[PDB]
Amino acid sequence: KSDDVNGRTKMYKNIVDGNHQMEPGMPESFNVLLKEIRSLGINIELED
Amino acid sequence: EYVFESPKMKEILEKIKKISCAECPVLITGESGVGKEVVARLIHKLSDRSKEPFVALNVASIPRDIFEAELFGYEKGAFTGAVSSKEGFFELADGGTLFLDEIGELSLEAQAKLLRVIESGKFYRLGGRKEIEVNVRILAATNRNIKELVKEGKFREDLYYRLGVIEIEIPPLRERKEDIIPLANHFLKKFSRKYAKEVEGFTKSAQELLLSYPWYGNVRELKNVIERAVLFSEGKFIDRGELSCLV
Amino acid sequence: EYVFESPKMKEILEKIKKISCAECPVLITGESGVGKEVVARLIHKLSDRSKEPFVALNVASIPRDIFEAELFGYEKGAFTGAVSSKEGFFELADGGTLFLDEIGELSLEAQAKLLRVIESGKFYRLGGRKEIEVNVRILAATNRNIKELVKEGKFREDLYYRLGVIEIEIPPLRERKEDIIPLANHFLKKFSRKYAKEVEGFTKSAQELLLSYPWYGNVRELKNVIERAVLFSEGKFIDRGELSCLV
Amino acid sequence: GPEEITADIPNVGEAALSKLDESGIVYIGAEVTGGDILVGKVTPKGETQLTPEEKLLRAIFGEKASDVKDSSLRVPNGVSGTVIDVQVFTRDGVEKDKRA
Amino acid sequence: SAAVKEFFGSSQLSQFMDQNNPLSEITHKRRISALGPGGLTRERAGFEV
Amino acid sequence: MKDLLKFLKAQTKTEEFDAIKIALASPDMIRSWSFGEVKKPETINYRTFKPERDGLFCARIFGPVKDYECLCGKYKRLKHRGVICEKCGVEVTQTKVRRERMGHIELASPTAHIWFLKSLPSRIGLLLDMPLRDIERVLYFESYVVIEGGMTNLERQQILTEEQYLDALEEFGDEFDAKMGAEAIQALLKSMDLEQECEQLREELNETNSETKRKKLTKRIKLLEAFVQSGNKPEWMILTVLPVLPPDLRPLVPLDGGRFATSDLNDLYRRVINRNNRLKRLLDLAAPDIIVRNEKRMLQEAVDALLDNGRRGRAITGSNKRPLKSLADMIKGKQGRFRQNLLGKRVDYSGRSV
Amino acid sequence: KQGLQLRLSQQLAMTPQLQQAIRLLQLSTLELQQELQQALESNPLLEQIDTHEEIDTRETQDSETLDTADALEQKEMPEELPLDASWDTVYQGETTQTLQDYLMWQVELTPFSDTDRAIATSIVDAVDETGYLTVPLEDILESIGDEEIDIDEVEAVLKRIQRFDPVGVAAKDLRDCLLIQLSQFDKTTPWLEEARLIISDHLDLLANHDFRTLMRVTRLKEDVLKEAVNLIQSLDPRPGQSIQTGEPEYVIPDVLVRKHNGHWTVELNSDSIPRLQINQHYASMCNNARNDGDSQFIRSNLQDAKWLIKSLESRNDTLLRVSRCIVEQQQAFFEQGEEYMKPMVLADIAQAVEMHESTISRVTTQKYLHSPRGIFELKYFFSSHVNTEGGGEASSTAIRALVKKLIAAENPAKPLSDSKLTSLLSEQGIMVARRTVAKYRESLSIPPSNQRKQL
DNA sequence: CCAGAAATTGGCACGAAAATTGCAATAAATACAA
DNA sequence: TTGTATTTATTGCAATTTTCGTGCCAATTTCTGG
Ligand SMILES: Nc1ncnc2c1ncn2[C@@H]1O[C@H](COP(=O)(O)OP(=O)(O)OP(=O)(O)O)[C@@H](O)[C@H]1O
Ligand SMILES: Nc1ncnc2c1ncn2[C@@H]1O[C@H](COP(=O)(O)OP(=O)(O)O)[C@@H](O)[C@H]1O
Ligand SMILES: [Zn+2]
């Protein structure tokens with residue numbers, strides 16, 4: 001409902017098709033936060 | 001374009017086609033008037049630098065004192081009288097092809113000025129302290145036997161092995177009996193429109209005389225004879241009488 | 001990139017290794033296409049001046065009347081044209097190596113103009129009233145027997161011992177039979193890789209032919225012949241027929 | 001080039017231009033709802049290269065269509081009312097229209 | 001002129017007149033404020049003022 | 001990719017993970033992150049309205065401004081996907097890669113990281129066991145510090161003023177080594193050892209018994225053991241390369257009239273780039289040190305302002321006397337990512353009324 | 001004698017003393033700013049006036065460590081509420097939907113297969129902002145990436161896409177777009193079959209405005225032809241312009257011209273005039289007590305900075321003088337618009353300001369003037385002339401304006417040709433040849449006489 | 001009504017006028033130490 | 001009483017290309033008699 005860019009489109013398509021099911025992903029704001037923390041010279045990364 | 005009829009000319013053209021992909025310098029040997037410059041221009045067109053400029057120079061007229069000045073250019077303070085920097089022939093031919101007419105006549109002393117430029121491609125201007133790198137393909141044409149000059153102590157063998165990587169031989173017109181009639185017809189057609197004489201062809205006697213003659217000046221002498229015949233004829237076809245310039 | 005399979009080449013390499021810390025000028029003598037430039041650059045690389053600029057200059061490329069200006073530079077007001085202070089090639093290679101290519105062709109007059117610079121490193125510019133101290137290691141290359149030219153009177157004996165602290169002789173390739181096969185293989189590999197050719201070696205008859213011809217251009221002639229064969233190659237293996245220019 | 005306030009918009013129907021006067025501005029007393037045009041304006045779209053297709057379009061449908069694009073003022077969605085007052089402000093040296 | 005325009009247009013004590021009704025305008029014009037340039041702030045004001 | 005179906009299927013994947021790891025970044029890591037180096041402080045051309053080359057919005061570094069088109073326009077459609085134009089250098093791909101491509105800036109001289117100097121207790125001062133006053137004086141070119149003790153009576157961390165350094169230089173000559181700036185601190189951090197300090201502090205704690213000094217020794221030993229166990233290195237606390245944020249996360253605000261205005265982050269980046277370029281030019285001409293020291297101090301201050309504006313001394317403000325927001329401001333506070341966008345957010349399929 | 005010799009000579013030297021501070025006139029404001037940036041980078045003694053300011057900040061900042069009891073102890077109110085709520089309980093843009101976004105939204109909600117969806121994605125990628133397909137289907141088939149697919153599948157997917165909203169989008173050419181639009185109409189439409197026939201078969205005749213061969217071939221009357229043509233003209237030639245995404249681009253003027261007290265005042269745009277300054281801090285250490293190398297360095301850099309500042313000031317003065325002279329000469333244009341602009345060449349301006357024509361040419365390159373009428377170029381006011389009966393002159397710009405005005409007020413059934421346009425200009429005193437009139441008409445992209453008639 | 005016979009336009013060429021750029025370091029007036 | 005180093009004061013020519021107007025003519029649109 002907020003910032004899963006692919007999830008929004010998939011949810012809308014499924015609702016129109018009559019299939020009330022979602023495929024969640026990663027919010028975009030967390031990726032923005034990762035980039036902003038990296039811009040400070042700190043190495044933060046998703047593991048495995 | 002250019003007309004090639006004899007088997008030797010076809011073989012030369014095929015070899016040129018095969019070696020056009022090669023960037024090696026070429027040395028061409030023959031006589032005066034055999035068409036070495038035409039072959040060089042064909043080679044330049046058939047290579048990948050056809051769009052690139054082609055600079056052909058007759059090195060038999062360059063003064064010895066300004067030899068380095070013309071070849072390498074110079075800076076502002078190189079000598080007296082100069083106020084501005086000047087480019088060199090290699091730089092002017094950078095990214096293209098440089099052709100040298102009558103390389104056999106070159107002086108032995110000046111042959112040392114081209115020992116390193118051909119291989120290394122790096123040189124300094126007069127009055128300068130900066131090294132310049134280029135990419136120029138060297139073509140040389142000569143009517144003299146280079147190897148004989150080397151053996152008789154007149155040519156620098158290092159420069160020979162620098163240029164003697166690809167060899168081309170153009171036989172004179174005396175071995176081109178098949179390729180006399182097409183050249184004569186082409187020259188007649190060209191000069192008929194050039195001088196508005198409207199002459200079409202030749203008669204049997206004129207063709208026989210032109211074919212039987214062992215031309216020494218080759219294509220140049222044949223073209224001059226055709227031009228003189230055009231200038232001094234009024235008929236539709238040129239007979240043997242109008243060809244009185246020959247022996 | 002450089003093949004040293006002959007025992008003499010290994011001896012030369014070991015001597016070069018022993019003189020890496022040696023700073024004295026060296027003189028190299030050999031024939032055409034033996035590898036004087038390669039050996040000199042290997043000496044330069046193995047010395048303490050590996051990262052220092054390596055200024056290679058040919059003495060014959062400078063006009064006679066501006067030779068001093070190109071050798072030492074000039075100051076302002078020295079002559080009609082001395083617009084500003086300019087340094088010479090010796091000051092250009094400060095702390096590095098200066099490579100005098102083809103020192104044999106140098107005239108007697110020029111050899112008397114550089115007797116104090118090599119031994120002491122001090123020279124005055126044209127118009128400069130201050131003494132210039134420079135430290136450049138000098139490597140000279142020649143294709144002439146200088147030890148005989150000093151006797152014949154065509155070379156100045158004073159400069160011979162200034163450039164005769166260390167002398168290197170490169171034997172001709174026709175005596176270096178351990179190099180012909182490896183050099184031919186390396187050249188064939190390089191020219192096949194560059195020309196997109198599907199050839200990957202010689203035939204046994206071709207190998208026997210390459211070890212019997214009396215090469216005169218030595219390594220350079222071998223490279224030229226290999227390139228000529230690669231250009232006109234028509235099979236995965238090169239036969240004696242392609243190398244018909246030898247004998 | 002300058003934007004023009006005009007009543008001749010190439011890409012609108014005649015019904016949508018019924019409420020505009022000869023200067024391209026709505027009449028006093030008009031009842032308008034969301035989506036209606038209040039002031040008609042056009043904007044230059046540049047100098048498109050005269051390709052054969054562009055020449056065909058200009059030949060068939062006219063030149064005004066191929067030179068300008070619509071940038072009119074429209075009633076926002078969910079807004080209705082009656083036009084009771086119109087004011088025009090013009091810079092010095094610019095020609096005044098009929099409404100002014 | 002710049003200082004005068006800034007004061008009369010973008011000061012904290014210069015405000016659009018409240019115009020709901022006449023009482024709004026009368027109340028707005030008779031208003032006293034402890035805030036502004038040289039006054040207090042609603043975070044540092046206190047409890048006794 | 002060759003088959004377009006798999007190519008489209010593989011750009012909507014979700015990354016798999018089960019943990020998050022944080023550490024310090026070496027200059028090699030920062031260089032491996034980036035796609036190019038930023039060299040010019042310009043952003044937009046204002047004549048062709050296209051990004052400048054090597055600028056803060058360069059398409060050769062950060063990506064295409066249009067989907068599957070390069071800057072010049074030789075390659076334009078999906079049939080040329082994954083192709084680098086040899087004329088402009090722009091890849092042919094999606095324009096969303098401008099959200100996840102970073103750049104880097106090569107600094108002329110080292111600069112300290114303001115977070116590892118001003119977050120109490122100071123990490124540099126705790127590792128080197130020096131007061132914060134001395135480190136601040138050295139970093140901002142107000143005093144000297146000895147790097148190598150030498151054969152004289154100068155200690156390995158002794159602070160020397162101008163006159164003291166002058167007389168020491170004229171007395172001892174070239175026996176010692178004294179420096180100022182971030183280079184000196186980096187030299188101290190690079191030349192130290194951790195195991196010897198650990199064992200010495202452990203033996204000192206074993207022998208000497210105290211209350212405050214025992215706490216100090218415990219703090220230092222904990223810091224040393226943490227640094228040893230972690231893969232970090234002390235000299236990584238001094239910046240040599242500077243990361244640059246992707247351009248779509250710091251967009252330019254367009255206004256009616258064609259004015260692009262400016263953003264605080266872009267302004268701070270431009271100031272850093274200008275100072276770095278001027279110092280790079282000055283170092284090449286062998287200019288007198290009396291000017292290059294001021295240039296290095298200004299570069300240090302600019303980097304500090306970019307990383308965290310207002311934490312150290314004065315704060316750089318805008319035209320209307322408002323301090324510029326830095327990266328830390330974007331991260332922390334009640335207006336930062338955590339409070340405003342991650343712990344709560346606005347949603348679709350919602351309404352409100354009386 | 002040929003030879004490079006070093007000698008002492010007594011010769012005469014010409015005066016090439018030029019080519020200094022001359023390249024600063026031909027550049028625009030943006031390139032001039034770039035050059036100034038380079039100069040500031042290379043010279044430590046040059047600084048430019050800025051606006052950034054720095055002020056001290058030492059106020060304490062509240063953190064979480066403040067205990068809960070202390071919060072209730074304090075009489076003051078918190079600066080920001082810890083609770084995620086407002087006091088009653090950086091700018092970024094927004095996403096916009098383009099034509100391709102709308103098309104992909106419709107593609108997502110259509111029962112396609114995976115292969116068909118990839119084909120549709122490629123097709124929509126190959127659609128421009130006017131609504132037409134910019135590549136042949138062969139390129140799309142090549143970009144699909146496998147050889148198991150024919151061209152009929154691509155055609156079917158394209159036909160499905162062409163029925164999206166707007167109708168006619170992703171069409172190959174104009175005829176295809178018009179036929180697609182017509183296929184959506186009902187058969188009850190009166191003039192449908194004739195319009196369909198005209199579009200399908202004879203569309204170039206309508207482009208050439210024949211109206212004679214057209215009726216002969218289609219065997220129709222004049223009224224039915226007019227009705228069909230009006231129906232065709234009611235269609236949308238650019239279906240992809242319903243969703244308009246764009247913004248106009250502007251140019252910041254270099255010279256401002258206004259009218260005060262009935263007099264034309266000309267000045268420079270103060271928001272864009274370049275300027276520099278001398279850094280006093282570095283230049284204030286130029287004392288002999290310091291090192292001599294430092295002293296010579298600072299002296300050289302200060303002299304260069306002062307010279308550059310003088311050159312910039314002179315450039316600004318020259319530009320202002322030239323603009324003022326040009327405005328003064330062309331005064332009737334600013335009061336009555338076009339048709340009143342007198343002919344002008346660089347020689348007149350150079351004589352008026354006592355300079356060479358090269359200086360005038362360089363100063364007026366890529367310079368823009370703002371007037372109450374609009375934004376123009378400084379070079380726009382120079383034009384040729386055509387001799388007018390009685391010794392007068394007529395500028396080509398005025399003649400073009402007159403020709404456009406005459407053509408814009410003609411009878412549609414009888415378009416005015418070059419022969420009649422010359423006669424109208426002949427009776428006004430202008431003596432302009434037919435070829436020149438045709439050239440002027442072509443320069444305005446106006447069709448010839450036979451291609452402007454209407455029914 | 002229709003076919004044979006008259007205006008229209010844009011390419012190409014001519015001379016002449018106008019816009020463009022390659023010349024990159026100089027010279028004259030003024031103050032100070034012997 | 002003078003000879004030298006410093007500070008301002010120098011924004012124009014001459015090739016050279018590009019463009020201006022205008023006439024000739026060949027491939028298209030209009031005018032008139034059986
Ligand atoms: N060991 C080697 N391996 C490969 N190539 C070699 C070797 N020795 C010589 N060559 C080749 O020999 C060629 C000529 O070398 P070089 O320039 O030293 O010749 P030179 O005539 O002695 O030089 P110079 O006259 O310029 O002093 C080069 O193209 C080089 O590749
Ligand atoms: N294939 C050809 N077709 C037409 N003319 C040729 C051909 N070959 C040679 N020639 C003529 O022969 C002449 C030889 O000129 P050039 O090559 O300059 O001198 P040389 O032959 O002595 O090198 C040229 O002028 C050219 O016209
Ligand atoms: Zn490109």
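By convention in this document, chain letters (A, B, ...) are assigned in the order of the sequence lines, proteins followed by strands, and residues within each chain are numbered from 1. Values below: all heavy atoms of this structure, side chains included; hydrogens, waters and symmetry mates excluded.
Atom CD1 in G:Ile360 sits roughly 10 Å away from atom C1' in I:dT11 (whole-Å rounding). For the pair G:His356 NE2 and H:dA19 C1', the interatomic distance rounds to 11 Å; values are reported in whole Å. The distance from atom CZ of G:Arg441 to atom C1' of H:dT9 is 7 Å, rounded to the nearest whole Å. Residue G:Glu313 contributes atom CD, which lies 11 Å from atom P of I:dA9 at whole-angstrom precision.
On the basis of its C1'-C2'-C3'-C4' angle being negative, I:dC25 carries a south sugar. A south sugar is assigned to H:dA27: the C1'-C2'-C3'-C4' torsion is negative, on the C2'-endo side.
Contacts of G:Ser449 with the nucleic acid, taken as non-hydrogen atoms under 4.0 Å apart, involve only primed sugar atoms and P, OP1 or OP2. Here G:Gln303 lies in heavy-atom contact (under 4.0 Å) with sugar-phosphate atoms only.
When all heavy atoms are compared, the tightest approach of G:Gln233 to D:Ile60 is NE2-O, 3.8 Å. Of all heavy-atom pairs between G:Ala352 and G:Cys325, the closest is CB-SG, 3.6 Å. For the pair G:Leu27 and G:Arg315, the tightest heavy-atom approach, listed with the atom from each and the gap, is O-NH2, 4.4 Å.
The phosphate of I:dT8 has OP1 or OP2 within less than 4.0 Å of a side-chain N or O from G:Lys306. Side-chain nitrogen and oxygen atoms of G:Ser384 include at least one within less than 4.0 Å of the OP1 or OP2 phosphate oxygen of I:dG21.
Under the side-chain contact (heavy atoms from CB on, under 4.5 Å) test applied with G:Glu339, the options G:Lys404, G:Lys405, G:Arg400 reduce to a single match, G:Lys405.
In the set I:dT11, H:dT9, I:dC13, I:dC13 carries the atom at the smallest distance from any side-chain atom of G:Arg362.
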List every contact pair, protein side and nucleotides 11-17 of chain H side both N or O, where the distance is under 3.5 Å.
{"from": "H:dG11", "atom 1": "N7", "to": "G:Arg435", "atom 2": "NH2", "distance (Å)": "2.6"}
{"from": "H:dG11", "atom 1": "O6", "to": "G:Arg435", "atom 2": "NE", "distance (Å)": "2.8"}

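Side-chain atoms of G:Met215 and G:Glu222, non-hydrogen and from C-beta on, do get closer than 4.5 Å to each other.
With both distances required under 3.5 Å, H:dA24 does not pair with I:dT11 in Watson-Crick or G-U wobble fashion.
A salt bridge does not link C:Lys86 with B:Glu75: none of the charged nitrogens is closer than 4.0 Å to a carboxylate oxygen.
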